[PDB]
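Two forms, one chain: they're shown below as structure tokens, one block per form, named structure 1 and structure 2.
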Structure 1
């Protein structure tokens, strides 16, 4: 038999509730470039002070998940979560650990699929900046005031995340004053950058294509007298380049149409190989020295093209 002495939010009217958040990223996975999202498991720890549960004697009361519904808990929500759930492995992953002075420790295990934009302009050399924002979904700023428990180091576990492709290169936590239709709210934003592994992509596509085109333009040293050999090398290189392009197109079936960087490099290599074939034909027609078109023509143009490519994907 309880009335208004157990249901109202702490300090209902007056000073807002100071809720201190602590985060512990257990894992990050299912980062899809098609849906532009990421799945992460986090340990959401919330600490606030309530004046109505002061009990004598210094000790802790680790409550179960069944008694969580009997007390007041914050209404934190992930701002851009597309699908999420609280873990129920054997019991409910909801603990409340009350303390003598009224400190409440509310810990949850939540798997969230947050939505972050994948600006895949430079597909293999991109650092996607994805955030995990937490906000009091119902209560405005004047009612609930979110805060980070220990500044930047409140979020833990991100330094141990080594993923299939990405590596965390930076992370920082900030508190904002997000304004929307309902009113003023405090949003706790955790911002981390997912730098891709360029080394695998370099050896997968850039190194083979570079070696192929190098073999193509060093074949000009072979004299025009050996026509069938030159035709064989040209045909084999062109066919290998086409097969590589087709396989690369089929290798990653991601729904992320943003005219990527591998497309540009592959188009450059295809341009150089079929231009080498066309210039073989044109050189035969004009002869009616082939290495004069290699000593200072082809490797130099490809070097300039690579310089422009790397300048594009290096600076702004």
Structure 2
């Protein structure tokens, strides 16, 4: 039998081993944009056929995890894993199940940290297509062929997963063929699109900015004769805009090097406030008309620009 053949894959020499995969994401622990990765716990299930491990019977038997050290198991590995570990809570979280016809069920609880590149250009409404790829580290396509057990039904838990900030709406599984120097491999890629919620940032960041712009508009009505009111409203507007900029800049650490969307909108609001103050100063200098015309020109142009920005960042 397979005494010292545990190093030899089933059908050592000839047809490769067809391993069917099943994934069950118990929970996506975190999604770090600063480190550009995601930590998630998965229930990796693999099913192959070992002709040397067959027996006479009708039913299957669940064996201890310590038997894994005596049998052959596929060298499955996450392609873009930075740090992963099999859970050892009480014993090794390994399920091994031997079947009559040779089927071997191998289940593991793996907490993995996969790095998916994130483009934060449309940061408030960005959709990140993050992938979890499983491949054989040592055995190429001529030795191990990885396959999905039930297509897109193989992966479970992603449909009902609701993260803190993101939400999976479209996930699917593919059987790609990776071409490396050592050889050709069959890679199983489960890719899912994480879309951040849109309402939170609007009601918590965009609404205060709109209120600041409204206060800047109101600042036009107050004239220079009432210097206390003008000074107070200007101080409040400037201080609130500075605090809003600070709060927006402190949400995400200085790690990204792209042009964001919330930053552009806040810069537009700050530029509008600065231009309003500069126009008030210029009107005062010229007087010692324009303000009345601005009181009607600013709302229409500002609303049109806001609609243009929204149409640009939602549709095209």
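Numbering follows the first chain given and starts at 1. In this text, the rigid core denotes the largest set of C-alpha atoms whose superposition between the two forms falls within 1.5 Å.
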message: Looking between structure 1 and structure 2 after fitting on the rigid core, I'd like to know which of 215, 116, 105, 168 has a C-alpha displacement of 2 Å or more.
response: 215
Rigid core superposed: residue 39 CA moves 2 Å or more between structure 1 and structure 2: no
message: Is the shift of residue 225 between structure 1 and structure 2 large enough to count as movement, that is, does its C-alpha move by 2 Å or more after the core is superposed?
response: yes
- prompt: Using the core for the fit, does the CA position of residue 27 change by 2 Å or more between structure 1 and structure 2?
  reply: no
- line: The CA shift of residue 6 between structure 1 and structure 2, rigid core aligned, in angstrom, is 4.6
field: Per-residue CA shift, residue 241 (Å; core superposed between structure 1 and structure 2)
entry: 1.4
